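Chemist: Before anything else, here's the structure in question.
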Amino acid sequence: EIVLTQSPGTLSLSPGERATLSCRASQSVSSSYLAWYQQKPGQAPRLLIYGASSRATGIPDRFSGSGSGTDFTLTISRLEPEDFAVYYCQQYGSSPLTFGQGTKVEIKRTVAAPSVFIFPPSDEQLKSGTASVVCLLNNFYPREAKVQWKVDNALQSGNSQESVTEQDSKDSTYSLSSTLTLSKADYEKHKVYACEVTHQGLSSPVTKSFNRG
Amino acid sequence: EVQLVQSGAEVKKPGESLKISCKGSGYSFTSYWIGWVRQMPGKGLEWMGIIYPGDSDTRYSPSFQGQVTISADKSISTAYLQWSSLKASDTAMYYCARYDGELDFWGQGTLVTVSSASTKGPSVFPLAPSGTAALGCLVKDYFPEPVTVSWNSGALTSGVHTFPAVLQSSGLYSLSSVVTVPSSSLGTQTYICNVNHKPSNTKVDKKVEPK
């Protein structure tokens with residue numbers, strides 16, 4: 001089969017900048033049989049470009065494609081807010097049909113440090129035998145961030161989960177919520193609960209903490 | 001206009017059978033091939049196979065050959081994708097699409113969730129505030145997705161972040177919703193998160209204040 005490799009994984013650019021997205025094939029593909037799709041969160045993929053360089057119906061002029069042999073590009077000449085999405089290339093010349101792994105185009109803005117907040121478990125939850133400790137990292141950029149949970153100075157690993165919001169439509173930042181989960185028994189055996197946050201915008205790690213009780 | 005309309009979201013247990021559907025309208029259904037595409041959570045697009053509804057000529061992607069059955073009923077302009085015995089690893093969004101060579105029209109997708117977990121309503125715990133303050137709710141131990149969360153019955157929207165759920169080892173989901181507010185408001189303004197989990201008919205209002 002023909003394997004399609006897209007690069008970069010993530011493209012970070014400001015509105016008005018030119019986006020150049022790459023799709024490399026494991027062997028030569030006729031330009032007639034290379035397509036690009038756009039996908040927004042919670043939406044089906046939409047055809048953008050077909051035959052390497054032709055715009056699909058309804059697609060604005062700022063989208064273009066070029067390439068042949070093993071190397072293809074999708075170009076967005078000047079990015080609009082609505083263009084920030086995931087893009088997939090696809091070949092349909094030789095079966096089986098294959099897709100690239102996708103490139104996310106996200107908004108580059110000025111680096112912004114997270115505001116950090118820690119929340120102890122509720123007394124109601126403790127009654128049930130489990131303790132959830134929550135750390136919020138609010139309104140930061142870029143997306144990459146590190147949460148390090150500490151319990152009486154012991155670095156925790158493997159007992160936490162986190163998720164991140166979609167890039168904010170107004171300020172282009174992200175927020176992150178992390179939950180440390182431990183048994184009520186473990187929670188009551190220890191005193192100091194700390195969330196240490198590392199991020200590009202912080203000169204040094206920020207730690208928020210509480211003492212149990 | 002050309003439309004492909006897929007059947008609704010499915011929540012299943014491992015070992016159960018399932019046939020999902022894709023109905024075409026606004027064109028000659030028996031004149032075009034229909035493809036099926038898988039998209040696992042947070043992952044890319046995968047080609048599954050293709051069918052010509054006119055004669056049911058069917059080709060499978062090598063990875064899906066013998067794993068699913070693709071079929072069609074031309075009399076009702078419908079294409080199908082089916083599993084005899086679902087696995088948790090079949091959890092994904094499934095798209096049908098009309099084949100031109102490229103895929104020019106797409107269905108809206110059918111979400112298929114496969115888990116050994118059973119329907120369960122959430123517990124809602126406060127994330128209590130202790131000059132910008134943050135407060136919130138922890139919506140813990142529910143199945144399946146989704147939940148809805150509002151603040152003050154929709155009156156509070158500014159500074160709200162409702163996070164994607166995480167799937168715990170228990171097979172149950174956990175989600176947080178937070179809001180940042182003036183520290184000065186903490187003594188005077190009531191903050192209530194309104195949580196609804198339709199699958200279990202569990203609706204909860206949690207007032208959140210300093211402990």
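Following the order of the structure tokens, first chain is A, next is B, and so on, with residues numbered from 1 inside each chain and ligands from 1 in the order they appear.
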Restrict the calculation to only C-alpha atoms, then for each residue of chain A with any atom at most 6 Å from an atom of chain B give the closest atom pair and their distance in Å to one decimal, rows by chain and rising residue number, as CSV.
Modeler:
residue,atom,partner,partner_atom,distance
A:44,CA,B:108,CA,5.6
A:47,CA,B:104,CA,5.9
A:92,CA,B:101,CA,5.6
A:101,CA,B:44,CA,5.4
A:119,CA,B:127,CA,5.7
A:163,CA,B:164,CA,5.9
A:165,CA,B:163,CA,5.6
Chemist: Selection from above, N, CA and C atoms, as a compact mmCIF listing (two decimals), in the first residue's frame, can you write it?
Modeler:
# COMPACT_ATOMS: atom_id res chain seq x y z
N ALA A 44 -17.82 16.24 10.80
CA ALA A 44 -17.31 15.36 9.76
C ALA A 44 -16.22 16.06 8.95
N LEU A 47 -14.24 17.81 2.17
CA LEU A 47 -13.31 17.89 1.04
C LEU A 47 -12.88 19.33 0.76
N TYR A 92 -6.07 8.18 -3.62
CA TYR A 92 -7.12 7.32 -4.18
C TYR A 92 -6.74 6.74 -5.55
N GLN A 101 -1.83 10.97 8.64
CA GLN A 101 -2.21 10.92 10.06
C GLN A 101 -2.77 12.25 10.59
N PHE A 119 -7.58 22.37 44.65
CA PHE A 119 -8.83 22.09 45.35
C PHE A 119 -8.73 20.78 46.13
N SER A 163 -7.14 16.62 31.47
CA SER A 163 -7.64 16.98 30.15
C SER A 163 -7.52 18.47 29.91
N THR A 165 -8.95 21.92 27.53
CA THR A 165 -10.01 22.49 26.71
C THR A 165 -9.51 22.77 25.30
Chemist: With a distance cut-off of 8 Å and only C-alpha atoms, select the neighbouring residues of residue A:28, excluding the residue or stretch itself and same-chain residues fewer than 3 positions from it, and output the selection as a VMD selection string.
Modeler: chain A and resid 25 68 to 70
Chemist: So that I can check the surroundings of residue A:176, please list as a list in words every protein, DNA and RNA residue that reaches within 6 Å of it, counting only C-alpha atoms and ignoring chain neighbours fewer than 2 positions away.
Modeler: residues 136, 137, 163 and 164 of chain A
Chemist: Any idea what's packed within 8 Å of stretch 186-198 of chain B, counting only C-alpha atoms, ignoring anything in its chain fewer than 4 positions away? Could you give it as a JSON list (two decimals) with C-alpha atoms, in the first residue's frame?
Modeler:
[["chain", "number", "residue", "atom", "x", "y", "z"],
["B", 121, "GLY", "CA", -25.36, 8.58, 37.26],
["B", 122, "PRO", "CA", -22.63, 10.87, 38.60],
["B", 124, "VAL", "CA", -21.25, 15.95, 42.05],
["B", 136, "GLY", "CA", -16.12, 24.48, 40.30],
["B", 137, "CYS", "CA", -17.78, 21.09, 40.33],
["B", 139, "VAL", "CA", -18.76, 15.31, 38.17],
["B", 146, "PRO", "CA", -22.27, 12.88, 27.94],
["B", 147, "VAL", "CA", -23.19, 15.20, 30.80],
["B", 148, "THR", "CA", -24.32, 18.81, 30.48],
["B", 149, "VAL", "CA", -23.08, 21.46, 32.92],
["B", 150, "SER", "CA", -24.33, 25.02, 33.31],
["B", 151, "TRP", "CA", -23.77, 27.64, 36.01],
["B", 152, "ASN", "CA", -26.61, 29.55, 37.70],
["B", 153, "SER", "CA", -29.08, 28.02, 35.21],
["B", 182, "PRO", "CA", -14.03, 38.12, 41.58],
["B", 202, "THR", "CA", -29.67, 12.00, 37.02],
["B", 203, "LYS", "CA", -30.00, 15.77, 37.41],
["B", 204, "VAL", "CA", -28.06, 17.54, 40.19],
["B", 205, "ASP", "CA", -27.64, 21.13, 41.42],
["B", 206, "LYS", "CA", -24.61, 21.78, 43.61],
["B", 207, "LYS", "CA", -24.16, 25.07, 45.44],
["B", 208, "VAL", "CA", -20.44, 25.82, 45.73],
["B", 209, "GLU", "CA", -19.09, 28.16, 48.42],
["B", 210, "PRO", "CA", -16.06, 28.63, 50.70]]
Chemist: Restricting the calculation to only C-alpha atoms, which member of B:63, B:12, B:68, B:77 is positioned closest to residue B:29?
Modeler: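 For residue B:29, the nearest of the given residues is B:77.
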Chemist: I'd like the interatomic distance between atom CA of residue B:17 and atom CA of residue B:82, to a tenth of an Å.
Modeler: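 Separation of atom CA of residue B:17 and atom CA of residue B:82: 7.5 Å.
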Chemist: Any chance you could list, as number ranges by chain, the residues in stretch 9-205 of chain A that come up alpha helix (DSSP H) when DSSP is run on the backbone?
Modeler: A: 123-127, 184-188
Chemist: Mind writing the picked residues with N, CA and C atoms as an mmCIF file, in the first residue's frame?
Modeler:
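What landed in selection-v4.cif:
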data_model
loop_
_atom_site.group_PDB
_atom_site.id
_atom_site.type_symbol
_atom_site.label_atom_id
_atom_site.label_comp_id
_atom_site.auth_asym_id
_atom_site.auth_seq_id
_atom_site.Cartn_x
_atom_site.Cartn_y
_atom_site.Cartn_z
ATOM 1 N N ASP A 123 -15.571 16.714 51.890
ATOM 2 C CA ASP A 123 -15.929 15.764 52.947
ATOM 3 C C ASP A 123 -16.940 14.724 52.465
ATOM 4 N N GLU A 124 -17.865 15.131 51.593
ATOM 5 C CA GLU A 124 -18.844 14.188 51.050
ATOM 6 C C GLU A 124 -18.169 13.055 50.289
ATOM 7 N N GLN A 125 -17.185 13.390 49.454
ATOM 8 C CA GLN A 125 -16.497 12.361 48.693
ATOM 9 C C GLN A 125 -15.732 11.415 49.612
ATOM 10 N N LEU A 126 -15.026 11.981 50.588
ATOM 11 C CA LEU A 126 -14.229 11.184 51.524
ATOM 12 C C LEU A 126 -15.052 10.080 52.195
ATOM 13 N N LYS A 127 -16.307 10.388 52.516
ATOM 14 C CA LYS A 127 -17.239 9.406 53.086
ATOM 15 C C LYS A 127 -17.354 8.119 52.262
ATOM 16 N N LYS A 184 -9.201 7.047 50.474
ATOM 17 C CA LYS A 184 -9.401 7.825 51.691
ATOM 18 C C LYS A 184 -8.313 7.495 52.713
ATOM 19 N N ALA A 185 -7.977 6.207 52.827
ATOM 20 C CA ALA A 185 -6.934 5.759 53.751
ATOM 21 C C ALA A 185 -5.584 6.423 53.463
ATOM 22 N N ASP A 186 -5.175 6.430 52.194
ATOM 23 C CA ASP A 186 -3.926 7.091 51.808
ATOM 24 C C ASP A 186 -3.982 8.596 52.046
ATOM 25 N N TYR A 187 -5.114 9.207 51.701
ATOM 26 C CA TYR A 187 -5.280 10.647 51.861
ATOM 27 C C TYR A 187 -5.109 11.076 53.318
ATOM 28 N N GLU A 188 -5.717 10.317 54.226
ATOM 29 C CA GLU A 188 -5.689 10.644 55.653
ATOM 30 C C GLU A 188 -4.355 10.322 56.336
#
Chemist: Skip residue A:54 itself and residues of its chain fewer than 4 positions away, then list as a ChimeraX atom specification all residues within 9 Å of it, counting only C-alpha atoms.
Modeler: /A:35,48-50,64-65
Chemist: Please produce a file of those selected residues containing N, CA, C and O atoms, as an mmCIF file, in the first residue's frame.
Modeler:
data_model
loop_
_atom_site.group_PDB
_atom_site.id
_atom_site.type_symbol
_atom_site.label_atom_id
_atom_site.label_comp_id
_atom_site.auth_asym_id
_atom_site.auth_seq_id
_atom_site.Cartn_x
_atom_site.Cartn_y
_atom_site.Cartn_z
ATOM 1 N N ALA A 35 -5.992 14.051 -2.441
ATOM 2 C CA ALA A 35 -6.991 14.971 -1.896
ATOM 3 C C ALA A 35 -6.634 15.452 -0.496
ATOM 4 O O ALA A 35 -5.844 14.813 0.209
ATOM 5 N N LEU A 48 -11.574 19.558 0.676
ATOM 6 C CA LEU A 48 -11.026 20.887 0.393
ATOM 7 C C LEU A 48 -10.472 20.958 -1.018
ATOM 8 O O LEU A 48 -10.847 21.830 -1.807
ATOM 9 N N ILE A 49 -9.551 20.036 -1.298
ATOM 10 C CA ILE A 49 -8.778 19.985 -2.533
ATOM 11 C C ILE A 49 -8.874 18.569 -3.095
ATOM 12 O O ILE A 49 -8.791 17.601 -2.343
ATOM 13 N N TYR A 50 -9.062 18.449 -4.408
ATOM 14 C CA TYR A 50 -9.012 17.144 -5.081
ATOM 15 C C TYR A 50 -8.085 17.248 -6.291
ATOM 16 O O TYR A 50 -7.839 18.346 -6.781
ATOM 17 N N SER A 64 -4.966 26.320 -1.563
ATOM 18 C CA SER A 64 -4.377 25.797 -2.793
ATOM 19 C C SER A 64 -3.560 24.549 -2.501
ATOM 20 O O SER A 64 -3.170 24.302 -1.360
ATOM 21 N N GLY A 65 -3.309 23.757 -3.535
ATOM 22 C CA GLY A 65 -2.480 22.572 -3.385
ATOM 23 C C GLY A 65 -1.524 22.438 -4.548
ATOM 24 O O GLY A 65 -1.797 22.926 -5.645
#
Chemist: Atom CA of residue B:98 and atom CA of residue B:72, how far apart in Å?
Modeler: 13.4 Å
Chemist: Find the residues near stretch 195-206 of chain A: any atom within 12 Å, counting only C-alpha atoms, skip ones fewer than 3 places away on the same chain, and give them as a ChimeraX atom specification.
Modeler: /A:110-120,133-156,160,176-180,192,209-210
Chemist: Between atom CA of residue A:171 and atom CA of residue A:105, what is the distance in Å, rounded to a tenth?
Modeler: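 Taking atom CA of residue A:171 and atom CA of residue A:105, their separation equals 16.2 Å.
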